[PDB]
There are 2 protein chains.
Amino acid sequence: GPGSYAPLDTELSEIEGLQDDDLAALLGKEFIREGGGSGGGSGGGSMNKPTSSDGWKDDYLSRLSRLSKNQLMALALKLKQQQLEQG
Amino acid sequence: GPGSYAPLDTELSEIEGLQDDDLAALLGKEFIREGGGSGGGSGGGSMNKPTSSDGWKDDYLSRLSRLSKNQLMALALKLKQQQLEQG
């Protein structure tokens, strides 16, 4: 046979490793143009111990929350490009 | 066919219609704490014709570049929830 179907969660681990010099090279024209400004302070609130269900949503949405808008575009393009050549 | 209008009920066209309270109802603890304390839209305009090759990458990246980070997380969660139950 030609090979395995292979892992798909490793694409998040690649986007977590690379930098804005790699992101601008793949987003190109559609790369971000600023406008959000700057600020500070905690905004209040505290952790009351974590909670979870089914596991897949908590692992995935945590990475999506940690990542930049540039990285959110890069992981979305990756998962669309790899799925259309499966099966 | 040379092209199509696409469905009205895609995850992209749904997330572009619903409000920040509907995003908070599915992001939960992972909802953003930034900007005014609740995030917001960014991306700006666009320029020049697209390249002659492909289009499914360019239209998708073009939409995502103008969405809020809350919307980018929610459309990604929706397309993750449906792909893991295929068979």
# chains A, B, ... in the order shown; residues from 1 in each chain; ligands from 1
$ residues_around --residues "residue 78 of chain B" --least-positions-apart "2" --cutoff "12 Å" --atoms "only C-alpha atoms" --output "list in words"
residues 57, 60 and 61 of chain A; 10, 11, 12, 13, 14, 15, 23, 26, 27, 71, 72, 73, 74, 75, 76, 80, 81, 82, 83 and 84 of chain B
$ calpha_fit_rmsd --fixed "chain B" --moving "chain A"
7.3 Å
$ interface_residues --of "chain B" --to "chain A" --cutoff "10 Å" --atoms "only C-alpha atoms" --output "PyMOL selection string"
chain B and resi 27+29-37+39-48+56-58+60-70+72-77+79-81+83-84
$ atom_distance --atom1 "atom CA of residue 19 of chain B" --atom2 "atom CA of residue 6 of chain B"
22.1 Å
$ closest_residue --among "A:86, A:16, A:53, A:24" --to "residue 4 of chain A" --atoms "only C-alpha atoms"
A:86
$ atom_distance --atom1 "atom CA of residue 59 of chain B" --atom2 "atom CA of residue 5 of chain B"
12.3 Å
$ select_by_dssp --residues "segment 2-84 of chain A" --states "alpha helix (DSSP H)" --output "ChimeraX atom specification"
/A:10-15,20-27,56-66,69-83
$ atom_distance --atom1 "atom CA of residue 3 of chain B" --atom2 "atom CA of residue 85 of chain B"
29.0 Å
